[PDB]
Amino acid sequence: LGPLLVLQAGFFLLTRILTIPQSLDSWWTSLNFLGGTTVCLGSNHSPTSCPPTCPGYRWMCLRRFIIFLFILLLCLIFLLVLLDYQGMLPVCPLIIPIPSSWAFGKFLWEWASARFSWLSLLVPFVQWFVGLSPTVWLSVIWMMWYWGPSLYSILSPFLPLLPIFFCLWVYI
Amino acid sequence: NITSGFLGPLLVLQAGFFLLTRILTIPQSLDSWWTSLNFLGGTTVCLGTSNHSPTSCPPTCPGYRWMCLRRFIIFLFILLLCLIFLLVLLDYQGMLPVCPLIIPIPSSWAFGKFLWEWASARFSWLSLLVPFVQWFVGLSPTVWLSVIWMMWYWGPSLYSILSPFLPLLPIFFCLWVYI
Ligand SMILES: [Zn+2]
Ligand SMILES: [Zn+2]
């Protein structure tokens, strides 16, 4: 009795995972428009779910595949985070006792700061911003969500004059 | 002296401008490419005129917010991809010291070796599928190409039995009961 239920649950969860790409590419295709789907060029079916006869269906499958690939990658990265959180990646820090946790992250950041040498200047600013934002981060996300495209639109006309006087500054 | 002295830094300025303007549009190119994948390789129109493509919304159009979002999202992925690439490069030089599971550090692909060894350790059944894959390589390459092409031909036929798929767990479950 138990094993039948276990197998049914496993199959249903596998179906959920396999249909995730449907939902995800449908969401992204919604992003293309003002939050609303469309109709595949050629019964007017959305290009996120075409019938097998529809030519776009072939494309859809390819699309479903790529999304799925990214998902796995994300999952992998997510997995790769947890191990790094738990300190199961015994990465030797640049010259020694091991970093109990986040060894990979600390090593990677140390290497980047040591080599690129401008992230050294960037890090103080980012640390300032994050530390000063226990809750300000939430508000600036809201501002970015609303004003961010707007401020980008206002800065963009002066976006190309920006390199000109940046060059002037570099000359001086 | 003065001529070349000025041109040098200014040459760097011009080259930087050109490279940044060529490489900062890649989010737009990839967004347009995916939107093309959505409709058999075509642009279509936005919801808002001149019928501009939805990946090049003017600021007046309401989609410029929307577009930016996905453009930004695409931009993020690029960094991630780049990061992967960067990692995929560093491991080759062995610049990632990862101690192997129980000792000298691996000369190259240390991170890849540790990850694969740990993953194989965690799942015993996974390795069971490894040999057949090699056999797939070990089989006739032409046979593998024919199989893949038939699957492409059988993809629509693959899901032509998609409706019977749902009962698959029950009947197999029934087998598990009778097993
Ligand atoms: Zn279609
Ligand atoms: Zn638009």
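For each chain, numbering restarts from 1 and follows the sequence as written, which can differ from how the entry numbers it; residues lacking coordinates are not listed. Numbering of ligands from 1 and lettering of chains from A proceed in the order in which they are written. Each side-chain value is derived from all of the structure's non-hydrogen atoms; neither hydrogens nor water enter the calculation. Residues with missing side-chain atoms are left out of burial classes, side-chain pairs and their counts.

In its metadata, the entry names cryo-EM as the structure determination method and reports 3.6 Å as the resolution.

Per the PDB entry, chain B carries the name Large envelope protein and comes from HBV genotype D3. Its PDB record names the entry "Structure of HBV surface antigen determined in recombinant spherical subviral particle".

The PDB entry annotates chain A as Large envelope protein of HBV genotype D3.

Draft legend 1. Inspection of the environment of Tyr152 of chain A at higher detail. Strands here mean DSSP runs of E at least two residues long; helices mean DSSP runs of H or I at least four residues long; both are numbered from the N terminus. Within the secondary structure layout, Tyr152 of chain A lies in helix 5 (residues 136-155). Spatially, the C-alpha atoms of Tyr152 of chain A and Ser133 of chain A are 22 Å apart, while their sequence positions differ by 19 residues. Not counting the four nearest positions on each side in its chain, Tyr152 of chain A is found in contact with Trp147 of chain A together with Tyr64 of chain B. What makes two residues a contact is simply this: any of their non-hydrogen atoms within 4.5 Å.

Draft legend 2. The arrangement of helix 2 (residues 56-86) of chain A in detail. Take the number of residues in a helix, subtract one, and multiply by 1.5 Å to get its expected span. Between the first and last C-alpha of helix 2 of chain A there are 45 Å, a value that for 31 residues agrees with the 45 Å anticipated at 1.5 Å per step. Following helix 2 of chain A by one or two positions, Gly87 of chain A has its phi on the positive side, about 75°.

Draft legend 3. Examining the pattern of salt bridges more closely. A salt bridge links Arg64 of chain A to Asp25 of chain A; the nearest nitrogen and oxygen atoms lie 3.1 Å apart. A salt bridge links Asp31 of chain B to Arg70 of chain B, with the shortest nitrogen-to-oxygen separation between them at 3.1 Å. Here a salt bridge means any side-chain nitrogen of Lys or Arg lying within 4 Å of a carboxyl oxygen belonging to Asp or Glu.

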